[PDB]
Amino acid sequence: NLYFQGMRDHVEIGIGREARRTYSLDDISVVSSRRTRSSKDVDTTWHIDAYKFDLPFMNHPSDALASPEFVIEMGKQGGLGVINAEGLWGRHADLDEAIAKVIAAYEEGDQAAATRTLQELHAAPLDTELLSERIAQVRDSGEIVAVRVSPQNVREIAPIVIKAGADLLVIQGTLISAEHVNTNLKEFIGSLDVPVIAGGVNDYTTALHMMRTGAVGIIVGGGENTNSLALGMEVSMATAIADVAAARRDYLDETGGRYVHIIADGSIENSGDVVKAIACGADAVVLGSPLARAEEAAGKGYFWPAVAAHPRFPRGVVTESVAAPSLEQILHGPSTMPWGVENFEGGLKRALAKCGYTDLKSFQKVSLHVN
């Protein structure tokens, strides 16, 4: 079986060189083989660590979305709001003014001026007291405080943001490993009194090693980026989620029950993509660019990942969305758009119900087609 399956799943690229066939969310679809259920009976609650969210959604931690206002509203709307500790929050007193400059640059001088402007704004020094002040606004709302730090600066910044009120620490790059060789993360994560979500991790082995650090969640994928063009690396999200889910299953066995959550970030533009991510093994999803249309989004319709601001090798671009709906409408409807970019909750519940499922974990076994 594994002999013939591996034969089928691999190709000879050339004499003495093989590759593994892998799949994107666009390559697959979910199938109804069961008696249909009612969408009103579908449970979309997300239980992670000590938290229960109404929706299995976290925003991507880019400043294009995540003003303090937005983060609080994400929590009010049933999801997990996530802050970028290392973007514009601690670097510019007037956060709206900084965002406005990126927008102006994009409209006046395309993605080139936008990149240049992002590079300059992110090059300004990080004022930890200003960052802490903004985190306190989120904390004082009563919503759960999740703060993202880069793998590069986690040891320096994590204690500052935890002191400021972070309930959950997100260590997120487009790609992370548990062990890095320079010129450990287990002890560091073990030392914290807050749960940690870490990523991006796209392979089984790296995932398993990351789970062994004590992380409560693993982010699969790299969000929005230009890695395919710049690095020749393109995550096949269906395969990546499924492989990381296999690591989760094996880690559950090895520990006798510790359940590490799989959170998909990448290739997610609509509610169908969310459905497919859950089907592949994800417990939850990061929503990025679809939330840029929200009235509350800091970037007014524009989106960019943090990696768009790298000073030497930017790997992201500013995109613009295609009267703004509220974040509530985007997440809960009523939808006035049939393209799956509003009422994410409704689409998720209807898909599960049509397929005969009433909870997210069970839906990870739904039948799949590859088209």
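For every residue, the number given is its place in the sequence shown, counted from 1.
Gap check for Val322 to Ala323: 4 to 9 deposited residues are absent from the model. Gap between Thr183 and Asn184: 4 to 9 deposited residues without coordinates. Looking at 110 to 118 and 222 to 230 together, the entry lists the larger mean B-factor for 110 to 118, computed on C-alpha atoms.
Of the two segments, 359 to 367 and 6 to 14, the one listed with the higher mean B-factor is 6 to 14 (C-alpha atoms only). You'll see in the entry that, of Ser141, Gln152, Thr239, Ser289, the Cα B factor peaks at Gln152. Annotation for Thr36, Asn59, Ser326, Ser29: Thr36 ranks highest, by Cα B-factor. Annotation for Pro68: CA B-factor lies in the lowest third of the chain's modelled residues. Split the chain's modelled residues into thirds by C-alpha temperature factor. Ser177 is in the highest one. Sorting the modelled residues of the chain by their CA temperature factor places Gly75 in the lowest third. When the modelled residues of the chain are ordered by C-alpha B-factor, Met337 sits in the highest third. When all modelled residues of the chain are sorted by CA temperature factor, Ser267 is found within the highest third.
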